[PDB]
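Below is model20.cif, holding mmCIF, C-alpha atoms.
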data_entry
#
loop_
_atom_site.group_PDB
_atom_site.id
_atom_site.type_symbol
_atom_site.label_atom_id
_atom_site.label_comp_id
_atom_site.auth_asym_id
_atom_site.auth_seq_id
_atom_site.Cartn_x
_atom_site.Cartn_y
_atom_site.Cartn_z
ATOM 1 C CA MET A 1 64.547 152.455 -38.624
ATOM 2 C CA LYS A 2 61.697 150.270 -37.392
ATOM 3 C CA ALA A 3 59.043 149.290 -39.913
ATOM 4 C CA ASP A 4 56.182 146.830 -40.199
ATOM 5 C CA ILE A 5 54.078 145.977 -43.225
ATOM 6 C CA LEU A 6 50.485 145.125 -42.439
ATOM 7 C CA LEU A 7 48.653 143.245 -45.160
ATOM 8 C CA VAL A 8 44.831 143.449 -45.073
ATOM 9 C CA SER A 9 42.557 141.386 -47.328
ATOM 10 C CA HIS A 10 39.418 139.280 -47.301
ATOM 11 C CA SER A 11 41.719 136.320 -48.053
ATOM 12 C CA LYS A 12 44.114 134.940 -45.457
ATOM 13 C CA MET A 13 45.508 132.886 -48.337
ATOM 14 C CA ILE A 14 46.559 136.100 -50.143
ATOM 15 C CA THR A 15 48.241 137.781 -47.141
ATOM 16 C CA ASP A 16 50.011 134.577 -45.995
ATOM 17 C CA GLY A 17 51.133 134.035 -49.608
ATOM 18 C CA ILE A 18 52.508 137.583 -49.878
ATOM 19 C CA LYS A 19 54.380 137.268 -46.563
ATOM 20 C CA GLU A 20 55.829 133.880 -47.443
ATOM 21 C CA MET A 21 56.795 135.091 -50.970
ATOM 22 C CA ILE A 22 58.529 138.241 -49.834
ATOM 23 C CA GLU A 23 60.365 136.466 -46.935
ATOM 24 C CA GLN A 24 61.526 133.646 -49.155
ATOM 25 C CA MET A 25 62.761 136.175 -51.704
ATOM 26 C CA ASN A 26 64.862 137.578 -48.810
ATOM 27 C CA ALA A 27 63.170 140.956 -49.350
ATOM 28 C CA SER A 28 62.099 141.508 -45.721
ATOM 29 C CA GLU A 29 65.377 141.292 -43.787
ATOM 30 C CA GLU A 30 64.844 144.850 -42.554
ATOM 31 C CA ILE A 31 61.042 144.839 -42.077
ATOM 32 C CA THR A 32 58.382 142.906 -40.152
ATOM 33 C CA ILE A 33 55.395 141.631 -42.230
ATOM 34 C CA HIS A 34 52.048 140.780 -40.604
ATOM 35 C CA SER A 35 49.581 138.531 -42.460
ATOM 36 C CA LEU A 36 46.246 140.092 -41.487
ATOM 37 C CA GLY A 37 43.824 138.665 -44.044
ATOM 38 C CA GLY A 38 40.548 137.018 -43.125
ATOM 39 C CA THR A 39 38.192 137.282 -40.224
ATOM 40 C CA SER A 40 39.110 136.188 -36.668
ATOM 41 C CA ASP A 41 38.664 132.533 -37.795
ATOM 42 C CA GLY A 42 40.138 132.494 -41.320
ATOM 43 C CA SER A 43 36.860 133.246 -43.150
ATOM 44 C CA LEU A 44 36.769 135.536 -46.207
ATOM 45 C CA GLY A 45 36.335 139.043 -44.755
ATOM 46 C CA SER A 46 38.189 141.682 -42.776
ATOM 47 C CA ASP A 47 38.497 142.603 -39.086
ATOM 48 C CA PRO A 48 39.927 146.027 -38.076
ATOM 49 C CA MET A 49 40.700 144.596 -34.612
ATOM 50 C CA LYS A 50 43.537 142.507 -36.193
ATOM 51 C CA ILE A 51 45.299 145.760 -37.116
ATOM 52 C CA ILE A 52 44.531 147.381 -33.721
ATOM 53 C CA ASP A 53 45.765 144.368 -31.706
ATOM 54 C CA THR A 54 48.849 144.094 -33.980
ATOM 55 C CA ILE A 55 49.736 147.769 -33.378
ATOM 56 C CA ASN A 56 48.947 147.429 -29.664
ATOM 57 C CA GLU A 57 51.073 144.246 -29.360
ATOM 58 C CA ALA A 58 54.075 145.770 -31.187
ATOM 59 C CA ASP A 59 56.780 148.077 -29.791
ATOM 60 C CA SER A 60 56.057 151.863 -29.794
ATOM 61 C CA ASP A 61 59.094 152.560 -31.962
ATOM 62 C CA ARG A 62 57.715 151.197 -35.233
ATOM 63 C CA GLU A 63 56.343 152.882 -38.336
ATOM 64 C CA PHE A 64 53.301 150.896 -39.440
ATOM 65 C CA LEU A 65 52.553 150.646 -43.181
ATOM 66 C CA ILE A 66 49.039 149.443 -44.049
ATOM 67 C CA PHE A 67 48.238 147.792 -47.407
ATOM 68 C CA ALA A 68 44.757 146.520 -48.433
ATOM 69 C CA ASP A 69 43.381 145.147 -51.666
ATOM 70 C CA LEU A 70 39.663 145.705 -51.837
ATOM 71 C CA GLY A 71 36.329 146.238 -50.217
ATOM 72 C CA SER A 72 36.015 145.872 -46.499
ATOM 73 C CA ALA A 73 39.757 145.419 -46.211
ATOM 74 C CA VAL A 74 40.020 149.082 -47.235
ATOM 75 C CA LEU A 75 37.255 150.103 -44.834
ATOM 76 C CA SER A 76 38.820 148.020 -41.996
ATOM 77 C CA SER A 77 42.160 149.812 -42.545
ATOM 78 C CA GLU A 78 40.423 153.227 -42.333
ATOM 79 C CA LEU A 79 38.267 152.385 -39.286
ATOM 80 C CA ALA A 80 41.309 151.067 -37.383
ATOM 81 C CA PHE A 81 43.043 154.419 -37.685
ATOM 82 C CA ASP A 82 40.217 156.324 -35.971
ATOM 83 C CA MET A 83 40.389 153.736 -33.103
ATOM 84 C CA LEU A 84 44.013 154.361 -32.193
ATOM 85 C CA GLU A 85 45.525 156.769 -29.626
ATOM 86 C CA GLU A 86 46.953 160.049 -30.977
ATOM 87 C CA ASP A 87 50.600 158.964 -30.492
ATOM 88 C CA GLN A 88 49.774 155.841 -32.589
ATOM 89 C CA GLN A 89 48.125 157.692 -35.476
ATOM 90 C CA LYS A 90 51.384 159.584 -36.096
ATOM 91 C CA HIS A 91 52.995 156.202 -36.762
ATOM 92 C CA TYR A 92 50.132 154.745 -38.887
ATOM 93 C CA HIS A 93 50.432 155.021 -42.675
ATOM 94 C CA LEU A 94 47.706 154.012 -45.116
ATOM 95 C CA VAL A 95 49.675 153.299 -48.241
ATOM 96 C CA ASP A 96 47.818 154.205 -51.394
ATOM 97 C CA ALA A 97 49.364 151.330 -53.337
ATOM 98 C CA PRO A 98 48.384 147.922 -54.667
ATOM 99 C CA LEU A 99 48.556 145.144 -52.123
ATOM 100 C CA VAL A 100 51.203 142.693 -53.515
ATOM 101 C CA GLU A 101 53.340 145.133 -55.486
ATOM 102 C CA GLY A 102 53.166 148.017 -52.974
ATOM 103 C CA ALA A 103 54.191 145.776 -50.050
ATOM 104 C CA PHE A 104 57.069 144.179 -51.981
ATOM 105 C CA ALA A 105 58.277 147.638 -53.058
ATOM 106 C CA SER A 106 58.023 148.960 -49.462
ATOM 107 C CA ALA A 107 59.886 145.842 -48.212
ATOM 108 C CA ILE A 108 62.708 145.834 -50.711
ATOM 109 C CA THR A 109 63.485 149.551 -50.232
ATOM 110 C CA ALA A 110 63.605 149.276 -46.421
ATOM 111 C CA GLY A 111 66.595 146.959 -47.026
ATOM 112 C CA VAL A 112 68.102 149.966 -48.794
ATOM 113 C CA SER A 113 66.679 153.035 -47.037
ATOM 114 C CA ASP A 114 66.389 154.672 -43.590
ATOM 115 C CA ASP A 115 63.856 157.080 -45.113
ATOM 116 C CA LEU A 116 60.110 156.522 -44.692
ATOM 117 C CA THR A 117 59.218 159.139 -47.364
ATOM 118 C CA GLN A 118 61.099 157.040 -49.938
ATOM 119 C CA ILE A 119 59.776 153.719 -48.603
ATOM 120 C CA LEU A 120 56.290 155.188 -49.011
ATOM 121 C CA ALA A 121 56.954 156.671 -52.444
ATOM 122 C CA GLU A 122 58.244 153.402 -53.942
ATOM 123 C CA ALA A 123 55.102 151.432 -52.938
ATOM 124 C CA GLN A 124 52.767 154.211 -54.194
ATOM 125 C CA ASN A 125 54.567 153.781 -57.551
ATOM 126 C CA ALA A 126 54.300 149.917 -57.774
ATOM 127 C CA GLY A 127 51.391 148.365 -59.784
ATOM 128 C CA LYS A 128 52.626 148.594 -63.410
ATOM 129 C CA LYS A 129 54.664 146.214 -65.503
ATOM 130 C CA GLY A 130 55.484 148.086 -68.743
ATOM 131 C CA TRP A 131 52.439 146.418 -70.364
ATOM 132 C CA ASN A 132 49.357 147.002 -72.602
ATOM 133 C CA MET B 1 32.260 138.523 -74.646
ATOM 134 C CA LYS B 2 34.514 135.676 -73.437
ATOM 135 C CA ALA B 3 37.403 136.614 -71.172
ATOM 136 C CA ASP B 4 39.727 134.316 -69.185
ATOM 137 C CA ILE B 5 41.638 135.718 -66.232
ATOM 138 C CA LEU B 6 45.142 134.167 -65.917
ATOM 139 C CA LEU B 7 47.024 134.704 -62.627
ATOM 140 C CA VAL B 8 50.799 134.562 -62.522
ATOM 141 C CA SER B 9 53.052 134.709 -59.435
ATOM 142 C CA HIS B 10 55.927 132.854 -57.705
ATOM 143 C CA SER B 11 53.182 132.121 -55.250
ATOM 144 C CA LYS B 12 50.422 129.536 -55.812
ATOM 145 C CA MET B 13 48.860 130.716 -52.504
ATOM 146 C CA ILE B 14 48.350 134.220 -53.857
ATOM 147 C CA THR B 15 46.843 133.067 -57.193
ATOM 148 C CA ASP B 16 44.659 130.378 -55.448
ATOM 149 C CA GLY B 17 43.674 133.050 -52.894
ATOM 150 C CA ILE B 18 42.746 135.618 -55.591
ATOM 151 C CA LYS B 19 40.796 133.001 -57.600
ATOM 152 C CA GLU B 20 38.864 131.856 -54.549
ATOM 153 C CA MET B 21 38.132 135.441 -53.523
ATOM 154 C CA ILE B 22 36.799 136.470 -56.964
ATOM 155 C CA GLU B 23 34.547 133.409 -57.211
ATOM 156 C CA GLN B 24 33.070 133.695 -53.707
ATOM 157 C CA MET B 25 31.779 137.204 -54.411
ATOM 158 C CA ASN B 26 30.800 137.299 -58.071
ATOM 159 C CA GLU B 29 29.780 133.350 -62.987
ATOM 160 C CA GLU B 30 30.771 133.011 -66.641
ATOM 161 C CA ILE B 31 34.519 133.900 -66.321
ATOM 162 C CA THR B 32 37.190 131.205 -66.265
ATOM 163 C CA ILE B 33 40.008 132.061 -63.829
ATOM 164 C CA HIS B 34 43.423 130.355 -63.967
ATOM 165 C CA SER B 35 45.604 130.171 -60.890
ATOM 166 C CA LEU B 36 49.046 129.701 -62.489
ATOM 167 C CA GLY B 37 51.248 130.818 -59.563
ATOM 168 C CA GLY B 38 54.209 128.641 -58.567
ATOM 169 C CA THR B 39 56.394 126.024 -60.163
ATOM 170 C CA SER B 40 54.984 122.774 -61.588
ATOM 171 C CA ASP B 41 55.271 120.947 -58.217
ATOM 172 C CA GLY B 42 53.931 124.071 -56.457
ATOM 173 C CA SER B 43 57.117 125.616 -55.000
ATOM 174 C CA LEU B 44 57.939 129.347 -55.147
ATOM 175 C CA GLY B 45 58.869 130.155 -58.714
ATOM 176 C CA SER B 46 57.776 130.768 -62.271
ATOM 177 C CA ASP B 47 56.357 128.316 -64.847
ATOM 178 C CA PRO B 48 55.896 129.772 -68.389
ATOM 179 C CA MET B 49 54.886 126.374 -69.814
ATOM 180 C CA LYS B 50 51.720 126.425 -67.644
ATOM 181 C CA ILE B 51 50.714 129.655 -69.411
ATOM 182 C CA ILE B 52 51.349 128.205 -72.910
ATOM 183 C CA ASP B 53 49.456 125.005 -71.968
ATOM 184 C CA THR B 54 46.556 127.099 -70.680
ATOM 185 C CA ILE B 55 46.206 129.017 -74.013
ATOM 186 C CA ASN B 56 46.598 125.826 -76.053
ATOM 187 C CA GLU B 57 43.947 123.966 -73.980
ATOM 188 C CA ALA B 58 41.504 126.888 -74.255
ATOM 189 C CA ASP B 59 38.919 127.741 -76.944
ATOM 190 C CA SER B 60 39.892 130.056 -79.821
ATOM 191 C CA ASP B 61 37.080 132.546 -79.109
ATOM 192 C CA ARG B 62 38.363 133.841 -75.771
ATOM 193 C CA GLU B 63 40.376 136.868 -74.702
ATOM 194 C CA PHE B 64 43.214 135.992 -72.282
ATOM 195 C CA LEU B 65 43.936 138.639 -69.745
ATOM 196 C CA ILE B 66 47.296 138.021 -68.095
ATOM 197 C CA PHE B 67 47.911 139.406 -64.588
ATOM 198 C CA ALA B 68 51.330 139.111 -62.901
ATOM 199 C CA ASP B 69 52.930 140.614 -59.799
ATOM 200 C CA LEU B 70 56.710 140.855 -59.663
ATOM 201 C CA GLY B 71 59.602 140.825 -62.148
ATOM 202 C CA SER B 72 60.007 137.078 -62.592
ATOM 203 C CA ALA B 73 56.247 136.435 -63.235
ATOM 204 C CA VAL B 74 56.245 139.434 -65.638
ATOM 205 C CA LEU B 75 59.267 138.065 -67.563
ATOM 206 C CA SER B 76 57.571 134.641 -67.638
ATOM 207 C CA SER B 77 54.273 136.013 -69.019
ATOM 208 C CA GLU B 78 56.202 137.885 -71.685
ATOM 209 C CA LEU B 79 58.149 134.743 -72.722
ATOM 210 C CA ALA B 80 54.838 132.865 -72.834
ATOM 211 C CA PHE B 81 53.441 135.427 -75.366
ATOM 212 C CA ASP B 82 56.665 135.200 -77.397
ATOM 213 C CA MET B 83 56.261 131.422 -77.642
ATOM 214 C CA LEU B 84 52.639 131.517 -78.934
ATOM 215 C CA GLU B 85 51.332 131.376 -82.517
ATOM 216 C CA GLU B 86 50.437 134.678 -84.171
ATOM 217 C CA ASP B 87 46.730 133.698 -84.122
ATOM 218 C CA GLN B 88 46.997 133.040 -80.333
ATOM 219 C CA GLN B 89 49.040 136.141 -79.692
ATOM 220 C CA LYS B 90 46.170 138.312 -80.932
ATOM 221 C CA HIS B 91 43.928 137.054 -78.003
ATOM 222 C CA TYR B 92 46.614 137.361 -75.342
ATOM 223 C CA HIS B 93 46.581 140.548 -73.306
ATOM 224 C CA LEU B 94 49.310 141.450 -70.849
ATOM 225 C CA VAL B 95 47.370 143.687 -68.518
ATOM 226 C CA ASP B 96 49.226 146.623 -67.049
ATOM 227 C CA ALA B 97 47.517 146.321 -63.666
ATOM 228 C CA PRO B 98 48.075 145.266 -60.018
ATOM 229 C CA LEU B 99 47.761 141.505 -59.675
ATOM 230 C CA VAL B 100 44.999 141.386 -57.044
ATOM 231 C CA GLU B 101 42.957 144.580 -57.574
ATOM 232 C CA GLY B 102 43.591 144.422 -61.336
ATOM 233 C CA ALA B 103 42.165 140.914 -61.590
ATOM 234 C CA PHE B 104 39.118 141.733 -59.468
ATOM 235 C CA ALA B 105 38.336 144.923 -61.407
ATOM 236 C CA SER B 106 38.459 142.993 -64.689
ATOM 237 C CA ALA B 107 36.330 140.023 -63.580
ATOM 238 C CA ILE B 108 33.794 142.535 -62.233
ATOM 239 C CA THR B 109 33.830 144.734 -65.374
ATOM 240 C CA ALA B 110 33.629 141.715 -67.765
ATOM 241 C CA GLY B 111 30.218 140.826 -66.296
ATOM 242 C CA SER B 113 30.735 144.930 -70.328
ATOM 243 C CA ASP B 114 31.465 143.427 -73.716
ATOM 244 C CA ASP B 115 33.910 146.281 -74.369
ATOM 245 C CA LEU B 116 37.419 144.894 -74.138
ATOM 246 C CA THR B 117 38.949 148.371 -74.123
ATOM 247 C CA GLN B 118 37.003 149.100 -70.914
ATOM 248 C CA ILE B 119 37.706 145.787 -69.160
ATOM 249 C CA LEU B 120 41.463 146.511 -69.403
ATOM 250 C CA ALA B 121 40.978 150.208 -68.661
ATOM 251 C CA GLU B 122 39.266 149.455 -65.356
ATOM 252 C CA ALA B 123 41.970 146.936 -64.595
ATOM 253 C CA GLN B 124 44.720 149.471 -65.475
ATOM 254 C CA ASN B 125 43.284 152.125 -63.127
ATOM 255 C CA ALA B 126 42.640 149.640 -60.270
ATOM 256 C CA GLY B 127 44.609 149.634 -56.958
ATOM 257 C CA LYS B 128 44.046 153.227 -55.797
ATOM 258 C CA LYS B 129 42.376 153.540 -52.400
ATOM 259 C CA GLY B 130 41.585 157.284 -52.328
ATOM 260 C CA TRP B 131 44.020 157.478 -49.447
ATOM 261 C CA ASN B 132 46.826 159.457 -51.065
#

Please express the file's structure as structure tokens.
Amino acid sequence: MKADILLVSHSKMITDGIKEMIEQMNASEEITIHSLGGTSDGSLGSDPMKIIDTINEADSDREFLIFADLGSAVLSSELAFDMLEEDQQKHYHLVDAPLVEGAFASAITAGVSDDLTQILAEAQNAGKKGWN
Amino acid sequence: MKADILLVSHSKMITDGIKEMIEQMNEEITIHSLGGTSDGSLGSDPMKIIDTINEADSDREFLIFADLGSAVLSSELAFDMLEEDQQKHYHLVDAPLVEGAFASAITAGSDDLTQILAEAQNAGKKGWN
């Protein structure tokens, strides 16, 4: 199956770091990761048009998984959805999961599974460490 | 009360990025970007954690945030290497690295430690389902 992970944040440093970390761990051999942090010029902030353009510039045969950390990243991920065509919304998935851990979980299970329900469930389960 | 936020990943970019993002939005919290190896490559460095605690004051709570399995293992080894007096101020926070750290730095601005960790522990949900 065809999957992309879209990483939204105020910080381009965070999303580049996630992408680089996952790729170097060899965890994204079966998934495309887009670093979408920052405004149009690298500034701290979020632009929904990065998501829109990314979806518009990609092939139509992808499932698009959207992770955000906080704030306007979250808002930008929600506002982008409402901007898409109907065909595109059916392929757009807001993943209720933490940014780093959700994405890594989505990525590592796509190298294991053809099943978007399971790819989505793993991420949604991700943030904890067995800690206190 | 006096909380330090310590940030552990393979990735110095991520922990630098999180540190810079917290600071640019929020005062009296010391944040440690401890992602990466000693020369900065992708990997873990438990000694940096131990150093950090040893260099710090004795009147501070250390909130450890990690992302993936290797950083988690490394943070746990760090704790295991500390003195019993130091261990009592060292808190492995069961939270998402990015959202967990932000929630805690925000909440600490509370003197209730139970609540600083609680907000961190329930961080990372978007209301998206």

Might you spell out which residues the PyMOL selection byres ((chain A) within 8 of (chain B)) would select in the displayed file, as a ChimeraX atom specification? /A:10-18,21,44,69-70,74,94-101,127-132

Residues picked by the PyMOL selection byres ((chain A and resi 109) around 10) here, as a ChimeraX atom specification? /A:27-28,30-31,104-108,110-116,118-123

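Closest approach to residue 49 in chain B among B:110, B:119, B:6, B:80 is made by B:80 (distances from all atoms listed in the file).
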
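Look at residue 45 in chain A: the protein and nucleic acid residues within 8 Å of it, using all atoms listed in the file and passing over chain neighbours fewer than 4 places away, are residues 9, 10, 11, 37, 38, 39, 72 and 73 of chain A.
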
Work out where the centre of an axis-aligned box around every listed atom of range 79-96 of chain B lies and how long its edges are once 5 Å is added on each side; give both in Å to one decimal as lines of an AutoDock Vina configuration file.
center_x = 51.0
center_y = 139.0
center_z = -75.6
size_x = 24.2
size_y = 25.2
size_z = 27.1

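Separating CA of residue 47 in chain B from CA of residue 76 in chain B is a distance of 7.0 Å.
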
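Relative to CA of residue 82 in chain B, CA of residue 52 in chain B is found at 9.9 Å.
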